[PDB]
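Listed next as structure tokens is one chain, alone, in the form deposited in one PDB entry.
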């Protein structure tokens, strides 16, 4: 028997990354009483690994209006992004970086004393017909590193109650509304109950459901599985972005900023990727036209390798004074894990899982959505909000543009703090509920702790990662996808005989890594169902059997429901927004054929 401890707040934020930290002192400054439950220390998250930039139209180099920035985001998304969150993110993009410089983010500076901006791929000028524009606004090659350590320091200026190393288990729902979250103290072994009015989820992606991913070790989907256990849908789970710059074996990442400054991929034959399997734009293109330019190139026997299945990216043409000033982080990362050289000899390259352009469906102001059972229209869940990588605002749509994911955290963490300030009065009585609230999520903690079966936790986790790499690949068809749904159901039925050796409550790291396996099977049994039910080729979802893009029948998102593991998955759809927040301020952009 466990003893529960009760808390009582106004707004509970789950997660302390880049968009959970921005929405934590955004609400504790307005006059509320917040809490920021985290599993790690705040400057340990996955947003410390970001090394690109934050795209903004600040002006400091050449000339740039945010309306050019908006068209480059809709064109690089295959018109699946809602064209009013694009209008809202790029309009509040110059205002959100100047506010980040006043907090104390040490930016690289130019000759007159303004912020330094490099160039990335996809972003042009003069509405797609022009040159490469310089809008990246970046701090050498440690941009995500110097962004947490400023946002965490500013979060200590205002009184925010951080709850470090608390594993959150499930959501608390009474008659179809979220009234708080139940957590688990790792240092002590006590069960806590947080009660609030507006619960905000910023947990992050589910990248660790695959075999070779670039994500962290803790980067599992615990926000998308807490929502799916309550009976609420997830949106666009079949768009997974594959990176073309992942090291063999380990899965680590070299940035595409090296390709933005003159990185050239050299295959075994030494011929350049321009006309064989490549678009007219050489290397500064989307993240999917180059991964398809690599996945079939190593298959056709043109790449380097002992097993002929990798590449290398040349950085030797640059001057030595340009590497050691702009990218010192890659000069030490490829010297340890790859272990040949960075400057005089190139480094191996494999396609790895990078980013997830899906999750909880929200609006442009942060509040989550579901659909009505008979009319098919949207509906707002009362209390549940979401922001960051674990929320599908569809700013990225079908393909995330380069370095738009750090602008995603700053703008849509700032907007979450503003919409609670328009609805919630500071200081309100909480309704009396029964004391058995959350008793169905403590009995799951005890069933996975007193376990005795035939398979261990590290044996079932190898059958899931191996299955998701073979079948849900870069190239998919309707003969291996239907075997990928059939195999992922067979691994979930063997979760009833999982085995756990540690029977303590103080730092049971065998329990915590078993609850992360229960959350991964819920985000992996809906990716395989949704990917085998879209007969189309857009974005990062390329079907071999249906090689044509649809603008008449398949311009709609995909919602999915699944209660627990070993339970059937259903699907419904919702319509994509094609209008703007205001017609006179910016006109809408009509769909054309996408070609770079």
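Residue numbers count along the first chain shown, from 1. Take the two forms, find the largest set of C-alpha atoms that superpose within 1.5 Å, and that set is the rigid core.
Omitted here: the form deposited in another entry. The next part is about that form.
- In a core superposition between this form and the one not shown, the Cα of 282 is the only one among 157, 282, 379, 503 shifting by 2 Å or more.
- Pairwise change in the other entry: residue 307 and residue 279 C-alpha atoms lie closer than in the shown form, at least 3 Å.
- Between this form and the other one, the CA-CA gap for residue 309 and residue 279 narrows by 3 Å or more, being smaller in the other entry.
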